Amino acid sequence: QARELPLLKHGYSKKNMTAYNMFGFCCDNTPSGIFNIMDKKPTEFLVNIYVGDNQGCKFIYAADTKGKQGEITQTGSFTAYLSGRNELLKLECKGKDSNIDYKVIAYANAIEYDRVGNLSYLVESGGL
Ligand SMILES: [Cl-]
């Protein structure tokens, strides 16, 4: 059945009260037949996301094969492509009280990748 969409990187900036999670693939988890926008035939990811609570957060994705960015803040569906570093989605929050609960289902070349989760500046910035 489904695999988990991997978390590649996370971080935060106290100065800007921002934080992020980057989802995508690396060397030990890039499935066979999956290509990015640096490649001749980038794989389409057909993505459905579902959003509950959302204060101050948004997902950023590559909306076409030229890497033009798209953004989404609420339940919806879209087409996304992997960046040249095999990133699929950047989930960003802005502000002290930023928080989002979400579910991602992404389909590529006969495989489903899922992620259920939360991001908040409070948690991601590592304080109590
Ligand atoms: Cl290629």
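A. Quick look at the pairing of strand β8 (residues 87-94). Pairing between strand β3 (residues 18-24) and β8: seven bridges, direction antiparallel. Bridging from a neighbouring strand, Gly-24 pairs with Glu-87 of β8. Sheet topology note: the strand β5 (residues 57-62)/β8 ladder contains five bridges and is antiparallel. Along β8, the bridge assignment pairs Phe-59 with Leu-91.

B. Local environment of the sheet that holds strand β6 (residues 69-72). Reading across the sheet, the five strands line up as β2-β3-β8-β5-β6 and stay open at both edges, with antiparallel pairing between neighbours. Strand pairing shows two members of the sheet lacking a second neighbour, β2 (7-13) and β6, which therefore form its edges. On average, adjacent strands in this sheet sit at an angle of 20° to one another, irrespective of strand direction.

C. Local environment of the side chain of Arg-115. Here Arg-115 lies in strand β10 (residues 111-120). Residue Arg-115 is classed as buried on the basis of its relative accessible area of 16%. In terms of polar contacts, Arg-115 uses its side chain to reach the backbone carbonyl oxygen of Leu-5, at 2.9 Å. Once residues lying within four places of it in the same chain are set aside, the contact partners of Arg-115 are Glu-4, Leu-5, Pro-6, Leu-7, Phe-23, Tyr-102, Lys-103 and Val-104.

D. Spotlight on the sheet that holds strand β9 (residues 99-108). In space, the five strands of this open sheet follow the order β1-β10-β9-β4-β7, with mixed pairing throughout. For this open sheet the edge positions go to β1 (3-4) and β7 (76-80), each flanked by a neighbour on one side alone.

E. Main features of the packing of aromatic side chains. With the rule as written, the count across this model stands at seven aromatic pairs. Relative to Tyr-113, the ring of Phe-25 has its centre 5.4 Å away and its plane inclined at 80°; by these criteria the two rings are edge-to-face. With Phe-25 in the loop between β3 and β4 (45-55) and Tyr-113 in strand β10, this pair connects stretches of sequence that are 88 residues apart. Just as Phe-25 is buried, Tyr-113 falls in that class too. Ring centres 4.1 Å apart and planes at 25° place the aromatic pair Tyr-61 and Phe-78 in the stacked group. Of the two residues, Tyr-61 sits in strand β5 while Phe-78 sits in strand β7, which places them 17 residues apart along the sequence. Owing to a relative accessible area of 12%, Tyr-61 belongs among the buried residues under this scheme. Ring pairs connect the aromatic residues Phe-23, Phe-59 and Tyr-102, which therefore count as one cluster. The ring of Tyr-20 has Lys-90 lying over it, and the distance from NZ or CZ to the ring centre is 5.2 Å.

F. Looking closely at the pattern of salt bridges. Evaluated as defined, the whole model comprises five salt bridges. Linking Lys-58 and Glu-71 is a salt bridge whose minimum nitrogen-to-oxygen distance equals 3.4 Å. Of this pair, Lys-58 sits in strand β5 while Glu-71 sits in strand β6, and the two are 13 residues apart along the sequence. For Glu-71, a relative accessible area of 47% puts it in the partly exposed group. For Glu-87, the salt bridge is made with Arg-85, and the minimal N-O distance between the two is 2.9 Å.

About the criteria used
Residues numbered from 1 in each chain as written, not as in the entry; some residues may be left out. Heavy atoms only, no water. Pairing = 2+ DSSP bridges. Helix = DSSP H or I, 4+ residues; strand = E, 2+ residues; numbered from the N terminus. Axes fitted to C-alpha atoms, helices over the stretch in contact; angles between N-to-C directions. Buried < 20%, exposed > 50% of the residue type's maximum accessible area, 1.4 Å probe, protein only. Polar contact = N/O pair within 3.5 Å; in protein donor to acceptor, adjacent residues only side chain to side chain. Contact = heavy atoms within 4.5 Å. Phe/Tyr/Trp six-rings, centres within 6.5 Å; stacked < 30°, edge-to-face > 60°. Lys NZ or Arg CZ within 6 Å of the ring centre and 35° of its normal. Salt bridge = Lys/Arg side-chain N within 4 Å of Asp/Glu carboxyl O.

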